[PDB]
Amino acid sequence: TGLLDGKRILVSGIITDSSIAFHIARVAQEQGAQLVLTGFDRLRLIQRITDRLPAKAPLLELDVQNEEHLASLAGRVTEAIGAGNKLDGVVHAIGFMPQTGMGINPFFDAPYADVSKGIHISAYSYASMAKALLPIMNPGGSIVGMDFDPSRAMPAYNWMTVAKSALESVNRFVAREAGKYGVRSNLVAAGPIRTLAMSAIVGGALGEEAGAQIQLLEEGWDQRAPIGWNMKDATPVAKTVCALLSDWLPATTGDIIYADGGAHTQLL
């Protein structure tokens, strides 16, 4: 086709039609991929959201903190894709940090229970998904997670940044595992995307200073980006994930591709 013609790809992390995973899924479908989707807690909602995708995809429940969901995932996917068949692609687009780890709520006041939850979902689950899914991936396969660059501290994202640092680190280790399968594991570091949760935050859900910082981060991003950054458009990030899902970056693993407008390559 079709960048992804005839690849079977699992895509997690659709929750709204503004989810980065929603766009990745749409772009993957436009590109010939046959999807299986996961979806966390509100599966009726996600089913309804994902009905709007160019094509039908079976939707499986996966709460990444649920050991049983992870244990059964894979059997459930091979059931969805047919017993002879394996996955070519896996998209991790899962993230969460309790808002204590995120606010104008001081960095220091996030209880470990909360940061731990955040890291479980946002970092450890990348290894979890890979563990569940590598047994049902084809050689030449590709696992992609969603990242943002946590190299430098920043306002507001707080423990979520730490979670991303941990994720990038996890990604290099899953690369080692994925490699024994002929599978690549990479992260896409996106710039900020006005996802519903993000709009809620710039809109003041987590306090005014958190919103103000974030708005500041967004403007600076587009300014630093040599090709600009449009936070209202997930598609350049969806496409980048698809590029990683494709056979066109075959020698790249344990790695991070920056779909951020080049902002991170630029101080000012």
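Just count from 1 along the sequence shown to find any residue number.
As the entry records it, the average C-alpha temperature factor is higher for 204-212, out of 204-212 and 28-36. Of the two segments, 129-137 and 102-110, the one listed with the higher mean B-factor is 102-110 (C-alpha atoms only).
Highest CA B-factor among the listed residues (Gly75, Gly179, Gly118, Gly191): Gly75.
Per the PDB record, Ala83 has a higher Cα B-factor than any other of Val91, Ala175, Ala163, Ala83. Per the PDB record, residue ranking by Cα B-factor puts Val241 in the lowest third of the chain.
Among all modelled residues in this chain, the alpha-carbon of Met154 has a temperature factor (C-alpha) in the middle third.
When the CA B factors of the chain's modelled residues are split into thirds, the value for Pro226 lands in the lowest one.
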